[PDB]
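S.K.: Protein chains in written order, with the deposited numbering: chain A, 23 to 69, 73 to 167, 194 to 294; chain A', 23 to 69, 73 to 167, 194 to 294. A prime marks a further copy of an entry chain.
Using N, Cα and C, we set each Cβ at its ideal position, and we do this for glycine too.
Number of protein chains: 2
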Amino acid sequence: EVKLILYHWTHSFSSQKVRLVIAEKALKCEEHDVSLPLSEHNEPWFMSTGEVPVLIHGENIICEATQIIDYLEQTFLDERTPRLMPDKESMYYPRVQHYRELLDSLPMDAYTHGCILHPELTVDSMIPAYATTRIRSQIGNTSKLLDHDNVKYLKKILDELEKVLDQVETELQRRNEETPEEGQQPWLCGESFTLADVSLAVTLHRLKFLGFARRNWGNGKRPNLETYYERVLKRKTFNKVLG
Amino acid sequence: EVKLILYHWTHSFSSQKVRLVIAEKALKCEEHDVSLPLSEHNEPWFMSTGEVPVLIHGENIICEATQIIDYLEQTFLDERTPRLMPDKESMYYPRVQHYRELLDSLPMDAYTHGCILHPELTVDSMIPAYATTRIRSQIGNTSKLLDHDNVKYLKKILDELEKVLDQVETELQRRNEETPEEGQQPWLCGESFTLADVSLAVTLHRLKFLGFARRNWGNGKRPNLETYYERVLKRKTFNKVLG
């Protein structure tokens with residue numbers, strides 16, 4: 023009876039995760055993309074403010090992406106609805122809860138800023154040369196803070212990204228050992244798809260866009276992570292949201 | 023071209039101020055009241074959570090009532106649009122800014138809670154006896196924090212309310228002296244209607260509902276404040292929003 027009403031930016035990292043949770047929970051929702059198509063100068067989304078999506082479910086109006094996702098989990102508990110979180114006392118809950126926080130803490134806003142401002146560190150980046158040169162000209166005429200110390204701050208957080216991926220690479224390795232090679236493979240934290248998988252999937256996809264995917268995984272580096280990303284790419288909910 | 027889209031609860035104090043700002047700025051907006059009419063037990067709004078309205082203006086999605094109001098002021102600057110804030114260097118800006126904060130700091134949530142839980146301190150309260158007895162029964166079976200120390204905390208903040216109204220009473224007195232008795236009277240902070248007047252108007256109206264209006268003003272107590280409330284009641288924008 024009640025309608026779900028999401029207001030989001032199509033190319034917003036926080037918003038993307040929310041959409042996927044909806045897709046994973048198989049909920050009918052009236053998504054309202056507010057992002058403008060292209061402007062006079064086709065001002066893309068990778069060029073700061075602090076804007077966040079908002080969900081409206083009847084009397085409840087939830088802002089912030091993490092709050093909306095948690096709301097969805099608690100609100101919709103129909104028997105058909107799939108839960109992206111395990112039981113509080115489940116052996117999986119510590120893992121889902123630990124790795125979900127580990128991935129959400131990554132400063133994606135900073136990674137984006139660095140990708141444009143310093144393409145020297147990127148590999149097969151989907152952000153073009155015109156973007157880099159364009160914003161450098163904007164700087165010359167004049194978020195600067197997210198650049199922070201220039202190339203020195205950027206390399207620092209990119210190495211921290213490797214450390215986080217190292218944890219995830221290890222976790223996936225554990226899954227492959229426990230699971231027989233033939234048979235249904237499990238996700239990051241157990242066989243069922245969880246909120247931790249959502250954060251991981253979206254994070255990896257965004258990294259691919261920034262060109263940091265090649266240097267982190269692939270070519271036999273972090274083989275389990277590479278396999279994971281390929282598996283999640285084929286997933287139907289993933290393809291629908293992140294098409 | 024772009025549509026304003028407000029999502030609000032009809033009987034939400036924070037939301038009410040936003041609506042009035044829209045009405046004062048004479049902006050066409052698509053207000054979406056999310057409040058449910060009446061439920062099975064007609065659960066009224068004075069019976073906690075922390076929910077806040079959300080504005081959607083094209084790409085911008087602003088939450089929190091104070092942020093939305095500020096956004097409206099900066100966003101819509103058409104020559105026809107009336108500004109509820111003076112120039113930053115205007116003599117009125119310190120006053121509008123001081124008294125706007127003084128009124129927004131009042132814990133209306135607490136005052137509401139006290140009105141129901143302790144009608145002994147109220148006078149001609151619009152909350153009925155069934156409400157008081159109803160929630161006391163709910164307590165017996167079991194925001195408790197906003198009750199805090201029971202009647203001792205409640206009296207404390209009600210006296211602090213008198214102190215704030217004392218400041219406002221003094222400010223209005225100043226206006227009457229400066230203005231000739233015959234001629235257009237000015238509002239709290241100057242002749243033009245400001246955001247300070249919005250906060251003051253809504254605050255007074257809500258107090259009336261809680262029954263704390265009689266003991267604070269009226270019967271010759273705070274005569275300028277009484278006159279103010281009568282004047283703002285007749286105002287068209289006020290009648291439309293707080294009808």
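Looking only at its own chain, which residues have a Cβ that is under 8 Å from the Cβ of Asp55 (chain A'), when we skip the five neighbours before and after it?
M.R.: On the second sequence, residue 55 (chain A') is found 33 positions in, with the first residue counted as 1. Only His30, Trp31, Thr32 meet the Cβ criterion.
S.K.: Measure the Cβ-Cβ separation of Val292 (chain A') and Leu26 (chain A') and say whether it is below 8 Å.
M.R.: Taking the first residue of the second sequence as 1, we reach residue 292 (chain A') at position 241. Taking the first residue of the second sequence as 1, we reach residue 26 (chain A') at position 4. Going by C-beta atoms, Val292 (chain A') is not nearer than 8 Å to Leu26 (chain A').
S.K.: Would you please state the rounded distance, in angstroms, between the beta carbons of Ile93 (chain A) and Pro78 (chain A)? I believe it to be under 8 Å.
M.R.: Locating residue 93 (chain A) in the first sequence gives position 68, where the first residue counts as 1. Locating residue 78 (chain A) in the first sequence gives position 53, where the first residue counts as 1. Contact flag correct, Cβ pair sits at about 7 Å.
S.K.: So, are the CB atoms of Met133 (chain A) and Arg257 (chain A) less than 8 Å apart?
M.R.: Residue mapping note: residue 133 (chain A) aligns to position 108 of the first sequence, counting from 1. Residue mapping note: residue 257 (chain A) aligns to position 206 of the first sequence, counting from 1. A contact, by the Cβ cut-off of 8 Å.
S.K.: Cα separation between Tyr136 (chain A') and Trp238 (chain A')?
M.R.: By 1-based counting over the second sequence, the position of residue 136 (chain A') is 111. By 1-based counting over the second sequence, the position of residue 238 (chain A') is 187. If you take the alpha carbons of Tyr136 (chain A') and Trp238 (chain A'), they lie about 26 Å apart.
S.K.: Note down, in chain order, every chain A residue with its Cβ under 7 Å from the Cβ of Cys88 (chain A').
M.R.: The sequence position of residue 88 (chain A') within the second sequence is 63, counting from 1. Correct list: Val79, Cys88.
S.K.: In whole angstroms, what separates the C-alpha of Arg159 (chain A) from that of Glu84 (chain A')?
M.R.: As a working note, residue 159 (chain A) is residue 134 in the first sequence. As a working note, residue 84 (chain A') is residue 59 in the second sequence. So the alpha carbons of these two residues sit roughly 23 Å apart.
S.K.: For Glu53 (chain A'), collect the residues of the same chain with a Cβ closer than 6 Å to its Cβ; drop the 5 residues on either side in sequence, then sort them by chain order.
M.R.: The sequence position of residue 53 (chain A') within the second sequence is 31, counting from 1. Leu28, listed in sequence order.
S.K.: Find the nearest neighbour of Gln163 (chain A') within the set A':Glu65, A':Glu104, A':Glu114, A':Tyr280, judged by alpha-carbon distance.
M.R.: For the purposes of this step, residue 163 (chain A') is taken as the residue at position 138 of the second sequence. Of the candidates A':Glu65, A':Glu104, A':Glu114, A':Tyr280, the one whose C-alpha sits nearest the C-alpha of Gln163 (chain A') is A':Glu65.
S.K.: Taking Cβ positions, are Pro111 (chain A') and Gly241 (chain A') nearer each other than 8 Å?
M.R.: Your numbering for residue 111 (chain A') matches position 86 in the second sequence. Your numbering for residue 241 (chain A') matches position 190 in the second sequence. Contact flag set, yes.
S.K.: Beta-carbon within less than 8 Å of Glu222 (chain A)'s beta-carbon, same chain only, minus the 5 sequence neighbours each way: which residues are those?
M.R.: As a first step, residue 222 (chain A) must be located in the first sequence, where it is residue number 171. The residues are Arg120, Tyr124, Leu239, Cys240.
S.K.: Spatial neighbours of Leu49 (chain A) within its chain, please: CB distance less than 8 Å, with the 5 preceding and 5 following residues excluded, ordered by chain position.
M.R.: Residue 49 (chain A) sits at position 27 when you count from the first residue of the first sequence. Taken in chain order, the residues that qualify are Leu26, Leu97, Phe101, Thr106.
S.K.: Does the beta-carbon distance from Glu46 (chain A') to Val283 (chain A') come in below 8 Å?
M.R.: As a working note, residue 46 (chain A') is residue 24 in the second sequence. As a working note, residue 283 (chain A') is residue 232 in the second sequence. No. Outside cutoff.
S.K.: Quick one: what's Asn275 (chain A') bridged to in DSSP?
M.R.: One-based indexing of the second sequence puts residue 275 (chain A') at position 224. BP columns for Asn275 (chain A') are empty, so no partner.
S.K.: Return the residue from the list A':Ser37, A':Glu232, A':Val202 that minimises the CA-CA distance to residue 186 (chain A').
M.R.: In the model shown, chain A' runs from 167 to 194 with nothing in between, leaving residue 186 (chain A') without coordinates.
S.K.: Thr254 (chain A) to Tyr117 (chain A'), Cα distance in whole Å?
M.R.: Translated into the one-based positions of the first sequence, residue 254 (chain A) becomes position 203. Translated into the one-based positions of the second sequence, residue 117 (chain A') becomes position 92. Rounded to the nearest angstrom, the two C-alpha atoms are 50 Å apart.
S.K.: Is the CB-CB distance between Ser194 (chain A) and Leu261 (chain A) below 8 Å?
M.R.: Residue numbering aside, residue 194 (chain A) sits at position 143 when the first sequence is read from its first letter. Residue numbering aside, residue 261 (chain A) sits at position 210 when the first sequence is read from its first letter. Taking 8 Å as the Cβ cut-off, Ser194 (chain A) and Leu261 (chain A) do not qualify as a contacting pair.
S.K.: Quick one: using the 10 Å Cβ neighbour count with 16 as the cut-off for buried, is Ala247 (chain A') buried or exposed?
M.R.: Locating residue 247 (chain A') in the second sequence gives position 196, counting from the first residue. Buried, by the Cβ-count rule.
S.K.: Whole alpha helix (DSSP H) runs in the segment 217–267 of chain A' with 4 or more residues, listed along the chain?
M.R.: Fully enclosed alpha helix (DSSP H) runs of 4 or longer: 246–261, 264–267.
S.K.: Going along the chain, which residues of its own chain have a beta-carbon closer than 6 Å to the beta-carbon of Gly139 (chain A), five neighbours each way excluded?
M.R.: In the first sequence, the residue the question calls residue 139 (chain A) occupies position 114. These residues qualify, in order along the chain: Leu205.
S.K.: What residues in the segment 194–208 of chain A bring their beta carbon closer than 7 Å to a beta carbon of chain A'?
M.R.: Those residues of the segment 194–208 of chain A that come within reach of chain A' (Cβ to Cβ, closer than 7 Å) do not exist; the list is empty.
S.K.: Should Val24 (chain A) and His82 (chain A) be called a contact, given that it needs their Cβ atoms to be closer than 8 Å?
M.R.: Reading the first sequence from its first residue, position 2 is the one you call residue 24 (chain A). Reading the first sequence from its first residue, position 57 is the one you call residue 82 (chain A). Cβ atoms of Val24 (chain A) and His82 (chain A): closer than 8 Å.
S.K.: Considering only residues of the same chain and omitting the five flanking positions on each side of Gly234 (chain A'), which have a CB-CB separation below 6 Å?
M.R.: Looking up residue 234 (chain A') in the second sequence gives position 183. Here the set comprises nothing.
S.K.: Going by beta-carbon coordinates alone, are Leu209 (chain A) and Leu146 (chain A) separated by less than 8 Å?
M.R.: Along the first sequence, one-based indexing puts residue 209 (chain A) at 158. Along the first sequence, one-based indexing puts residue 146 (chain A) at 121. It is a contact, given that the beta carbons lie within the stated cut-off.
S.K.: With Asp55 (chain A) as the anchor, note down where its alpha helix (DSSP H) starts and where it stops.
M.R.: One-based indexing of the first sequence puts residue 55 (chain A) at position 33. No alpha helix (DSSP H) contains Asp55 (chain A), which is instead part of the beta strand (DSSP E) from 51–55.
S.K.: Residues of the segment 28–54 of chain A with a CB closer than 7 Å to any CB of chain A': list them in chain order, please.
M.R.: Listed in sequence order: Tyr29.
S.K.: Against chain A, with Cβ distances strictly below 8 Å, would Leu58 (chain A') count as a contact?
M.R.: As a working note, residue 58 (chain A') is residue 36 in the second sequence. Yes, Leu58 (chain A') lies at the interface with chain A (some Cβ there is under 8 Å from its Cβ).
S.K.: Is it the case that the CB of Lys287 (chain A) approaches a heavy atom of the ligand MN more closely than 7 Å?
M.R.: What this structure holds is no ligand at all, so the ligand MN is not there to describe.
S.K.: Just to make sure I have the definition right: I need the residues of chain A whose C-beta is within less than 8 Å of the C-beta of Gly83 (chain A'). Which are they?
M.R.: Position 58 of the second sequence, counting from 1, holds the residue named residue 83 (chain A'). Within 8 Å Cβ-Cβ: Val56, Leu58.
S.K.: With distance defined between alpha-carbon atoms, name the residue in A':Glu277, A':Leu127, A':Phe263 nearest to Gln224 (chain A').
M.R.: Working through the second sequence from its first residue, we reach residue 224 (chain A') at position 173. Selected option, being the one with the closest Cα: A':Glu277.
S.K.: Compare the C-beta of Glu76 (chain A) with all C-beta atoms of chain A' and state if any pair is closer than 8 Å.
M.R.: The residue given as residue 76 (chain A) occupies position 51 in the first sequence. True, the Cβ-Cβ gap to chain A' drops below 8 Å.
S.K.: From what residue to what residue does the beta strand (DSSP E) around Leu26 (chain A') run?
M.R.: As a first step, residue 26 (chain A') is located in the second sequence; it is residue number 4 there, counting from the start. Residues 26–30.
S.K.: Report the option in A:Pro144, A:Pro59, A:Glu89, A:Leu109 whose CA atom is closest to the CA atom of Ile44 (chain A).
M.R.: Within the first sequence, numbered from 1, the residue matching residue 44 (chain A) stands at position 22. It is A:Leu109 whose Cα lies nearest to the Cα of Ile44 (chain A).
S.K.: For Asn64 (chain A'), which of helix, strand or coil comes out of DSSP?
M.R.: Working through the second sequence from its first residue, we reach residue 64 (chain A') at position 42. Residue state, collapsed to three classes: coil.
S.K.: Would the beta-carbon of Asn275 (chain A) fall within 8 Å of that of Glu220 (chain A)?
M.R.: Position 224 of the first sequence, counted from the first residue, corresponds to residue 275 (chain A). Position 169 of the first sequence, counted from the first residue, corresponds to residue 220 (chain A). Yes; because the gap between Cβ atoms is below 8 Å, this pair is in contact.
S.K.: According to DSSP, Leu80 (chain A') sits in a beta bridge with which residue or residues?
M.R.: As a first step, residue 80 (chain A') is located in the second sequence; it is residue number 55 there, counting from the start. Answer by DSSP bridge pairing, in chain order: A':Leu28, A':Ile87.
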